[PDB]
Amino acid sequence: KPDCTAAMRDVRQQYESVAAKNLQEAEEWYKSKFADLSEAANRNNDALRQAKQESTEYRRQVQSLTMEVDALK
């Protein structure tokens, strides 16, 4: 009479393969949603880099015109 260790090993393995495919399909879903939320989060990457640069440019312009007016007054 078997001690059932062979039966236990076969059961573990069966449940191990199937559970792994279920996990994988679940991760594939999470990764697809990640890609989506990442696009969204970076939608305005460029517009932000340029708005920041545009702000610096304007500050310096304002400051220089401020100094011109003072030189004139």
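The first residue of the shown sequence is 1; numbering continues from there.
With 42 to 50 and 28 to 36 compared on mean CA B-factor from the PDB entry, the stretch scoring higher is 42 to 50. Ranked by Cα temperature factor within the chain, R12 sits in the middle third according to the deposited record. Among the modelled residues of its chain, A6 has a C-alpha B-factor that falls in the lowest third according to the deposited record. For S55, the recorded CA B-factor ranks within the highest third of the chain. Only modelled residues enter the ranking.
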